[PDB]
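Starting off, we have a lone chain in the form deposited in one PDB entry, written out as C-alpha cells.
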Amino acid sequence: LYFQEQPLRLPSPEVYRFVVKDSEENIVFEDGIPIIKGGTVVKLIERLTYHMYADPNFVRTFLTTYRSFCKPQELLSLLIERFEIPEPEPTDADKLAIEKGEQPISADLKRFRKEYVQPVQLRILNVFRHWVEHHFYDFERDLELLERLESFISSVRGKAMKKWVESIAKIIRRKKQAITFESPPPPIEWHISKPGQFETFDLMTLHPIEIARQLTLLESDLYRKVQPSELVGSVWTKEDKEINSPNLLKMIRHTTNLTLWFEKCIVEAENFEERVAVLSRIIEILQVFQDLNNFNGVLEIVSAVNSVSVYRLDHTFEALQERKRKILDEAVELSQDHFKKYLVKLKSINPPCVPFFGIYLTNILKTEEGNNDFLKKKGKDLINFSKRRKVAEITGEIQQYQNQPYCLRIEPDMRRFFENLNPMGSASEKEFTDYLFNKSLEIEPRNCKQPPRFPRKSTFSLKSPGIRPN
C-alpha cells in the first residue's frame, strides 16, 4: 500500500489459464474485499480460490447459485484444474544450482510455493468442504460426481493437507449414512371421525383445530426442506424441474391441491345451510392457522375464497355470522396492496411460523426477468454474477425461518389424508375449473334472491365443536 513489493513469479497462461491478466474483458467488479460483478467461469473459479485472502461470502453464494452457469461435473473439473499448478520454468542459473547439488531452491520458487500454491490448494479444499457440507444433494443425484471427488482427494499428497482430506471424508461419511418435545404437546383433537377410521376423514368430520395443526405440521416440513438452489435461475419452471427442485415443487403442489380442495368443499356442498357451515368451518381453520403463525395456511384459504366459483356465492357469505366474516376479511386484507399488511406482520411474529411461500417465488421471477444472464462484451460475454447474488439475497430470507419446530404431535392417518388429497380426480385443471364454476352457477344461480333448495348431504349436526381445546 505504501510500498510496492517484488512481484510474484507465476507460470505461463499457456499452461495454467488461471493466471491470465485481469481485465475488463474477463472480470468486472462493482464500483473489504471487492464485490464481483461478473466474469468468465475461469475467473470466477480463480477468485473463488484466490491466494491473497479468503472470501467466505463469495464461496457460499457461488455454491448456492453456480448451477445457473456451470455444471457440477464442470465445476469439479475446474477445481481440479486450479489445484494442479505447474511451477514457473526454472531459469538457467536455477538449473545450475540443482545440478551442483545441496543448494537451497531459488527465493522466487520458495515464494511461489508458500504464497501461491499452498494457499490456493487450501482454498480449493475449503470449497470441497463447503460443497459436501451444504450441497450434498449434488452427490446424491450424481454418483460419478462423488466418485471423482473421492478419487481426487485420495490423490492429494502432503502432511499439511491430510487434516483437510480427512475432514472432507468425515463429512461425506456423515452424509452417506443419513421427535423430542421440550414441553408436552397438547392432546390430539377429534370431532366426529375417530382414531383409525381414516376412510371417513373429511373437512366436517375431522376436528377444526387438528386440521389446522396437521396441515401446519405438514406445511412446516415442506417449507423446511426447500434448498436455495431450487429457486436460482427459475429452474423449477424449466426443463429438468423435477430433478433440480423436488422439495420446492412439493411445496407448490401441496398449496395447489389444498386450495382447490377448500374450493371443492364449498361448491360441492349444495344444501345452503350445509354450505354456510362448511365456509364457517374453513374460517375456524383459518383462525387456528393465525394462532399458529401459519400464514401459508392462512393465504391458501384466502386464495380459495377469492376463486371465481366461490367469490360469487353472495348468499353464502351474507349468511355468515358477523364475527367469522370479520376474521375472514382481516385475513383477506393481509394480501391487499402487494401484501403490505402481511409483510409487517411477518416481521413481528415469534417462531415457530410458516411464511407465505408465494411472495418469494413471485419476487424471484421478477429478478429473473429483470437481470440478464450475461454482460455484453466485444468477445466472449461474461457471466452476470451480481444477478445470482441478488437472487441469493432473497433465498437467504427463506432459510431464516426453517429451524423452528412446532410443539404439535403428528397424527399419521390425518397426515396421509392431506398428503393424498386429489380434488381434481380424473379431470384436468381446466376441466375441474369449469366444473366448479358450473356447480357454483347451479347452487346460487345468477340474480336469485333465495338460494335454491337442495337435499342435505349428511345426517350429523352442522354445529362446529369450535376452536377451544379441551
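When you see a residue number, it is the position in the sequence shown, counting from 1. Rigid core here is just the name for the largest C-alpha set that superposes within 1.5 Å across the two forms.
Same protein, other form: the form solved in complex with a small molecule, not shown, and the subject of what follows.
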property: The small molecule in the deposited bound form: contacting segment from 191-199, 158-166, 393-401, 112-120, heavy atom within 4.5 Å; result: 393-401
property: Heavy atom within 4.5 Å of the small molecule in the deposited bound form - the one residue of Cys265, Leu215, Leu146, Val226 that qualifies; result: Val226
property: Heavy atom within 4.5 Å of the small molecule in the deposited bound form - residue from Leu248, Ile285, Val354, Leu299; result: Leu248
property: Proximity of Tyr360 to the small molecule in the deposited bound form, heavy atoms at 4.5 Å; result: yes
property: Heavy atom of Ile209 within 4.5 Å of the small molecule in the deposited bound form; result: no
property: Option from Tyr401, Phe417, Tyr435, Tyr50 moving between this form and the one not shown, CA shift at or above 2 Å, rigid core reference; result: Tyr401
property: Shift in CA distance, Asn403 and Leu346, in the deposited bound form relative to the form shown here, given it is 3 Å or more; result: closer
